[PDB]
Amino acid sequence: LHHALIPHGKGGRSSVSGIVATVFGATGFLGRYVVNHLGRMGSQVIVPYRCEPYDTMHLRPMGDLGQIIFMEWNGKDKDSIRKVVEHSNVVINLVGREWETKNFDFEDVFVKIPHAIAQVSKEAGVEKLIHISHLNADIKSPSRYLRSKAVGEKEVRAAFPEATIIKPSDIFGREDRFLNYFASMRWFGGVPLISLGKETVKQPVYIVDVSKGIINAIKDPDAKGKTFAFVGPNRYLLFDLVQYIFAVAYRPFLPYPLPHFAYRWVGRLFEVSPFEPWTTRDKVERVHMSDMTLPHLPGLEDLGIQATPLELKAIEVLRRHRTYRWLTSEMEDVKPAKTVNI
Amino acid sequence: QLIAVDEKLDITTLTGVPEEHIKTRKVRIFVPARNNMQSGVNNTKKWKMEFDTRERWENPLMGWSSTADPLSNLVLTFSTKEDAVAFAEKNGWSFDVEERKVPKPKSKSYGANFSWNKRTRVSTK
Amino acid sequence: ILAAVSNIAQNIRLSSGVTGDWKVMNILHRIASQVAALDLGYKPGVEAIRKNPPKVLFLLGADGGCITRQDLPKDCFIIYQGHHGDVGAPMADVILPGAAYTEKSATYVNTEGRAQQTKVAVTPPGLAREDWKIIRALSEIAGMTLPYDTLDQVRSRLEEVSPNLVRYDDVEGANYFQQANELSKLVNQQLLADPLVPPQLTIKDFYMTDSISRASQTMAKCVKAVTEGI
Amino acid sequence: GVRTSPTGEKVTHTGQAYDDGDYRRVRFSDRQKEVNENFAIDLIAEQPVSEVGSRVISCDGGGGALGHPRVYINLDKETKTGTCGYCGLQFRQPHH
Amino acid sequence: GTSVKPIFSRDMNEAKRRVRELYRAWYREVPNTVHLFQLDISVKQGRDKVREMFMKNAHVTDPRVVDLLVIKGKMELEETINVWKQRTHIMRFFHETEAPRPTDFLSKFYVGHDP
Amino acid sequence: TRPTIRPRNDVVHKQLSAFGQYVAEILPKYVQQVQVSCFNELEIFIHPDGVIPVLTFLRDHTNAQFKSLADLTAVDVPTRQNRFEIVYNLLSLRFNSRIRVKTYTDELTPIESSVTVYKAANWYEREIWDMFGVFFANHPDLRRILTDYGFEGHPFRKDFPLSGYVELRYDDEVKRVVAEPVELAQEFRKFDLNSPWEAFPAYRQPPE
Amino acid sequence: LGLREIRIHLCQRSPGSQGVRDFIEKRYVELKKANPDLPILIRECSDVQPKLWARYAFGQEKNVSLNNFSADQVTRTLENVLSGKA
Ligand SMILES: NC(=O)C1=CN([C@@H]2O[C@H](COP(=O)(O)OP(=O)(O)OC[C@H]3O[C@@H](n4cnc5c(N)ncnc54)[C@H](OP(=O)(O)O)[C@@H]3O)[C@@H](O)[C@H]2O)C=CC1
Ligand SMILES: [Zn+2]
């Protein structure tokens, strides 16, 4: 294990866990939790960033002195990837954009970049690679996001045969777009749902569950070439889910059906924003698509994680979306939503 | 007014020590040995209580010596072994006591260096 | 040799009587683990190994080179547990890194039979662990979990086997020389003609004797100094 | 007396250079490794040995109160030179 | 005998009465604490934690030690009610960022040297 | 003996000795010992039950008039059966003098609060309770003063470790400051400085 | 199933071990003559109690108190454990 990489201490901030991890995509929603969980145990974390260093400041207190190293990288450059994965025994890939920018389409962030990372980290002698795809990744899906996810999953498996591939479904948390998107809709007046959300089933998963699952998969010797699906303990119809979201936020729920072509036109209209779009056509397709059921894949309970129900963590995301009148309401006051389980 | 409490003294629930550092610890009650590099005996007068040595590792940065043991530096001084034992008992620590070792009285005689027939005679001086 | 020396002691005892607590008979040991092993019922010597060549061999810090793979059947499973890479390590199938005497609180019995305990100065390096903890974990994995989980429990078991092993700094013992002399008079094994020659003939031999000293550069310097004048 | 390791890293006066499989070298990528270039062992090895016509010499490192504590060096051994234990300067008697 | 001076209680009965009174006060306070501090726990969780903290000290048999424990619990209750405490202080009881430390022999043997 | 040695004052020594005898004669019920230190510092050891009478007499008596309490603190001596030593320092402006009153207690025995005698004690007794865990009976508002909210244990006690048992850090997952078991990057390095040769013969103890 | 070893923990100067001592003074020798291959470990005891230990196959053990036993009682107990009884 190369004596310098032998675990020491009580697993705390000043300990040595034996992990040296390069976390691509550490400046996003999932990346902050992953870096927090790695730096809790005393891991050496290498953060490749392309954004303004100001935007990485929140990751500085996550480690001890010298335990977090920040390095500039370019997704189209392989010498840069070599530079940032030279000394790591773990590489985690969390790179991904919900919308397509002018310089990066879905195929760049979900096929080219993951494949380049897998190839370079295999060349460099990195022991472990963790890749994140979607639960609904499919070659013939109506969303190009998921088509690119499936293609990139195959490419990573080809470039790094012993990679662990993790397939979560609709992560929810404080900085999660999925919980926020429903909350955001209240400003307009009515909630537009295709078929009133009666033909969609969702199985959202907690952010901390996904971070813990990644961390445990790193420490698991038999999780090498496996493929995991990270899903929550409950399945909801989209209508009931959005109704529960609006009840926790104490906002008046006014759902109305909107036809598919009208919603696609709205998404296209919102797509022309030079900044982060409020919604896109791809987001509209992904929202009203039912979560797949994959019983043949190992889950969070195979990694020792007990999935957190949304009923226990919804208030910590949605209390910010309340008015002053309902700001002090307790968690058990909202009557959990109806689950369509089996 | 006196109430005649009948039980053994026990203050663990008031000290605020985490239970891990109450049950898994072993203290040593002893009179420290004289440092063999010197002849003074002034450091062998009082009893000492000290805890068991825990893990120390190397800091990845700078290579300093890191510990996670909060009692790794604590040393208590007592007049007599009975006081040390009473303190350890009322604080709930398992202890090991060692009886004080004193140097035995030795019969010195300068004239023996020049014995008429004895082996003690010095070959040099 | 032991029978003859016991005969000398018996002649002294019968001629002069017993003055009280004198205990003419004495055995001088040179190995730290020997007296405790004998106290525990361990059979002295490697003869039973040669008599019944085993398939699974546990080398517990055994670096004397007494038993090699020529003295064992093929496909013999050799497990070495210790702290040094010496004679016993490169001939093993599984290596278990143990703790040296400076890295554990452990009991040793000297030539007098007095029992003393070491204290932890530093922890074992890398992934090395306490030896009895290695054995207890191995017992749990194999299904026959040993009753003791802590050091005080293992010392209670030690007291159960031989109670004198927990009486630190006590050296009082009972004299049973008469019974041992009677039992020694039974067999009459013949004495060899070979002259009595000790292993440590000279000062150079004194330095490097065990695995800790064989790995010491200071002892190598001492050996070089006593062999070469310079 | 600088010299590089097979990995291209400078070796310090202390002699420590990270091993090939040591991850800690990552702390120098995109940055540099601080190495002092004036090796004291080499610089003191260049000073000429002082020849003095007495058995016992005195050294205080120069500068009086700005040097080190004053020490006395015996110079009876002719197979070697008397070396100051503070400054490293060498002294000998005129020999041969 | 043993010649001790009490703090408040002369025997274990009065000490138990004071313990019950303090328990009642904490039980009443828990819902207000959950409301004021905007905690993401339920009232059931808070009352369970109060019971767990009370049961941590169930083995005490000295009325003076029990009196001091009640004094400390009353200090903590006064502190909580007046909002001297912050949400971090209340949440310190639940150890939400502490990874579970195992208790069986084998896991301890695997992780390190500490018993 | 002149230039570098601190000069003596025998007049003040005599006055303090006489006043200590005075105090001991007036209150035999509580006064256990009276001492005058070499640098003229009067000390009166008493029984705990006499905390309130003694101080009251000392602050009220016409010949005493110690109306001001400099400070009140405690000393931890683990080898004593009564662990804690309670020390009151009093100043008399009328007679321009100082006096020290000392008593003892252990972990489970309360001391009478002296807020009634001196208003200044309030925070001093709160501080003693916080740092040492000595309870004061009949105290107006007794609670922690120096330590953090919810802090367990008493820091000034000899047994308590220098760096404590917990530290604080900000955690982003829970979005708040959390308390965790202390881990140190560099351990405090304990030094053994005590010389093996005796320094002061005048304080040598009998060889037991 | 069978005897593997015997352990006799006798206390050096306590009255309750006195009879056991007599046994070792007189009857231990011939008992070792009869059993040349059976380890009968004679060990010293602390102030608690005299005892006898029997070990069987696969590490099964149980002990018998010898407190205040006379030498004949000691040898009777030893022959009972040495035989296929109890
Ligand atoms: N509901 C969910 O959130 C779940 C997420 N998915 C997948 O899980 C992964 C993490 O998701 P999430 O954290 O929410 O996404 P985020 O948008 O929050 O973060 C994406 C990360 O990838 C980086 N990144 C994006 N594009 C590029 C690029 N062209 N070049 C370099 N870096 C880039 C970002 O850096 P920068 O900030 O500088 O742009 C950022 O750090 C992603 O791969 C996502 O697709 C899995 C199922 C659903
Ligand atoms: Zn010099």
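Results, tabulated for the structure shown:
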item	result
Per-region count, region A:1-28, residues touching a helix residue (DSSP H, G or I) at 6+ places or on another chain (Cβ under 7 Å) and not in a loop (DSSP other than H, G, I, E, B)	7
Selection status of G:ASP37, of a type in the set (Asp, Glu) and either away from every other protein chain (no Cβ under 13 Å) or over 30 Å from C:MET144 (Cα atoms) (or both)	no
Unique match (being exposed (fewer than 13 other Cβ atoms within 10 Å of the Cβ), within 16 Å of ligand 2 (Cβ to nearest atom) and basic (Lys, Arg)) among D:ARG31, D:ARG92, D:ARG70	D:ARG70
Of all residues in region D:21-43 being of a type in the set (A, V, I, L, M, F, W, C) and in a helix (DSSP H, G or I), the one that is farthest from A:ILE69 (Cα to Cα)	D:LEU43
Pair list, Cβ < 9 Å and 6+ apart or interchain, from region E:103-115 residues that are facing chain C (nearest Cβ under 7 Å) and in a loop (DSSP other than H, G, I, E, B) to residues that are polar (S, T, N, Q) and surrounded by 17 or more Cβ atoms within 10 Å (Cβ to Cβ)	E:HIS113/C:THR123
Test: residue in region A:318-337 that is touching an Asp or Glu at 6+ places or on another chain (Cβ under 6 Å), farther than 19 Å from A:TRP99 by Cα, away from chain E (no Cβ under 14 Å) and surrounded by 14 or more Cβ atoms within 10 Å (Cβ to Cβ)	yes
Residue check, D:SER58 over 19 Å from the mean Cα position of the chain (by Cα) and within 13 Å of ligand 2 (Cβ to nearest atom)	yes
Within region A:41-60, tally of residues that are under 29 Å from A:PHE110 (Cα atoms) and outside any strand (DSSP E or B)	12
Residue satisfying condition, being hydrophobic (A, V, I, L, M, F, W, C) and within 7 Å of another protein chain (Cβ to nearest Cβ), within set G:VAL29, G:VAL48, G:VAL20	G:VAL29
Filter result (among the hydroxyl-bearing types (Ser, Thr, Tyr) and farther than 26 Å from B:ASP52 by Cα) within region C:121-161	C:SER139, C:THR145
Selection count, region A:125-147, where residues are under 22 Å from A:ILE215 (Cα atoms) and over 19 Å from the mean Cα position of the chain (by Cα)	4
Subset of region C:78-106 (residues that are closer than 24 Å to C:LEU146 by Cβ, surrounded by fewer than 17 Cβ atoms within 10 Å (Cβ to Cβ) and polar (S, T, N, Q))	C:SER105
Where a residue in region C:37-50 is at the interface with chain G (Cβ under 10 Å from one of its Cβ atoms) and its partner, wherever it lies, is of a type outside the set (A, V, I, L, M, F, W, C) and assigned to a helix (DSSP H, G or I), with Cβ under 8 Å and at least six apart	C:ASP39/C:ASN164
Test: F:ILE26 is touching a residue at least 24 places away in the same chain (Cβ under 8 Å) and surrounded by 17 or more Cβ atoms within 10 Å (Cβ to Cβ)	no
Filter pass, D:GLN16 being assigned to a loop (DSSP other than H, G, I, E, B), of a type in the set (S, T, N, Q) and more than 27 Å from A:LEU1 (Cβ to Cβ)	no
Single residue of D:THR83, D:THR79 found to be in contact with a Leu (Cβ under 9 Å, 6 or more places away or on another chain), more than 30 Å from A:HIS3 (Cα to Cα) and free of Cβ contacts under 8 Å to residues at least 12 places away in the same chain	D:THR83
Unmet criterion (only one of (1) over 27 Å from F:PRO48 (Cβ atoms); (2) in contact with a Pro (Cβ under 9 Å, 6 or more places away or on another chain); (3) away from chain B (no Cβ under 14 Å); (4) assigned to a loop (DSSP other than H, G, I, E, B)) for F:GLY164	(3)
Residues that are charged (D, E, K, R) and under 19 Å from the mean Cα position of the chain (by Cα), drawn from region A:1-49	A:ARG32
Single match in A:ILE113, A:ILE117, A:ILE165 (criterion: more than 16 Å from ligand 2 (Cβ to nearest atom), buried (at least 17 other Cβ atoms within 10 Å of the Cβ), part of a strand (DSSP E or B) and away from chain D (no Cβ under 14 Å))	A:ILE165
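The rows are residues; the columns are (1) among the basic types (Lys, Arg); (2) away from ligand 1 (no atom under 11 Å from the Cβ); (3) touching a residue at least 24 places away in the same chain (Cβ under 8 Å); (4) more than 13 Å from chain B (Cβ to nearest Cβ).
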| position | (1), (2), (3), (4) |
| --- | --- |
| A:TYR33 | no, no, yes, yes |
| A:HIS37 | no, yes, yes, yes |
| A:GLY42 | no, yes, yes, no |
| A:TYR49 | no, no, yes, yes |
| A:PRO53 | no, no, no, yes |
| A:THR56 | no, no, yes, yes |
| A:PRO61 | no, yes, no, yes |
| A:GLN67 | no, yes, yes, no |
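Neighbour counts run over all protein chains shown; Cβ positions are idealised from the backbone, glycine included. Read-outs: derived from the displayed coordinates by stated rules, not from any lab.
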